[PDB]
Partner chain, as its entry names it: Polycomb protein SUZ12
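Below you will find one chain, with nothing else, as structure tokens; this is the form deposited without its partner chain, and questions on how it binds or moves follow later.
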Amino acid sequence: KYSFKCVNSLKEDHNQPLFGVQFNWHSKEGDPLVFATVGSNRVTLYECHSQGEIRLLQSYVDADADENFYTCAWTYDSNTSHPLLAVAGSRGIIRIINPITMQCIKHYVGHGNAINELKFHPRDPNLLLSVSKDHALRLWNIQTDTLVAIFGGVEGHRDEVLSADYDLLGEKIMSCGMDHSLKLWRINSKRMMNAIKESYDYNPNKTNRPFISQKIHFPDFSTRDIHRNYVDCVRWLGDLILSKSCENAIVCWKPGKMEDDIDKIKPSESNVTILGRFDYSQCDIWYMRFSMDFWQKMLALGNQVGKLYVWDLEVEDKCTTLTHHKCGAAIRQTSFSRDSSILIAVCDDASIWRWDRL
């Protein structure tokens, strides 16, 4: 099984909740483990060191004090290998930041509507997915600064999209939100594939035409049958889904009946098969994420009283619970380092907790 120890803790001076944490899984052979935190109008980088040390690297303080960053996601430059950090929040502005300098190199506006989550495509580092308060999902190409596609309408989400994930190859997305529903959006169609090819052939300095985005109004599957409240986290586990609402369970399920293939599912599909549930407590509050290590061998989720749950997914039909006496605030998000040796928890009181695998 797995064991961890609290080697360090710190607190950011703004004292506003920290809504996001991400280790850089794109970092090179030799350089140190770096993680980013988001909360208030701040983006902060941290270097993990020996003897449980958490070294401050640099901060980005947005010019707008009314900005509230809710999410971050790392990528890299496909030509140079250099890491980049995407950040967004309440203002509905995506900012692409260079971690070496904290220079905002690129900024995107889909609308002026709050962005809840950012995800990068697992196969194309340029393809950025944003989920918004305006009930839509947006797919961006950050190499050419183009809006490839808008996912939503009457048949899309009927409320705020709180989370989304790409499958293993980035052939499809599963989004979820306040409308209690989880929706599938296929992005490997002849149409989306050509839209991505075109996004790359666009240059506004060499043409008068605008970039025409795909307007996808109909999901490929939809369900309101897994949770009976706001679904605030979703993640693919192969062809299966892990999702949670505020009902003290992470649910493992799949579209259709037990033996149905996800690629054979038609949009009209009325069934869902639940495969299991990860039960816990004191996580009845909205907006609490779960996280997985690189290998998807581990599942971590923080609760509203500062307790951190960890599960081994390699078990037959097990849990472990991480507590410290000075950790009482709600853990909004957790992040495992690429080598699964460090687990970082960020809280509502702007505190950062370091758990090392022993």
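Residue numbers count along the first chain shown, from 1. Shifts are known only where both forms have a C-alpha. Take the two forms, find the largest set of C-alpha atoms that superpose within 1.5 Å, and that set is the rigid core.
Beyond what is shown, the protein has a form solved in complex with its partner chain; the following relates to that form.
Interface membership of residue 213, defined by any non-hydrogen atom within 4.5 Å of its partner chain in the bound PDB entry, is confirmed. Although the partner is absent here, residue 209 sits close enough that one of its heavy atoms falls within 4.5 Å of its partner chain in the bound PDB entry.
Among residues of the shown chain, residue 250 is not one whose heavy atoms approach its partner chain to within 4.5 Å in the bound PDB entry. The shortest heavy atom separation between residue 198 and its partner chain in the bound PDB entry exceeds 4.5 Å. Residue in contact with its partner chain in the bound PDB entry (any heavy atom within 4.5 Å), chosen from 192, 150, 265, 127: 150. In the overlay on the core between the shown form and the other one, a shift of 2 Å or more in CA position is seen for a single residue of 215, 197, 206, 190, which is 206. Positional change of residue 101 between the shown form and the other one reaches 2 Å or more at the C-alpha, relative to the superposed core. Shifted stretches between the shown form and the other one, defined as 3+ consecutive common residues each with a CA displacement of 2 angstroms or more after rigid core fitting, are listed in sequence order as 100 to 102, 205 to 207.
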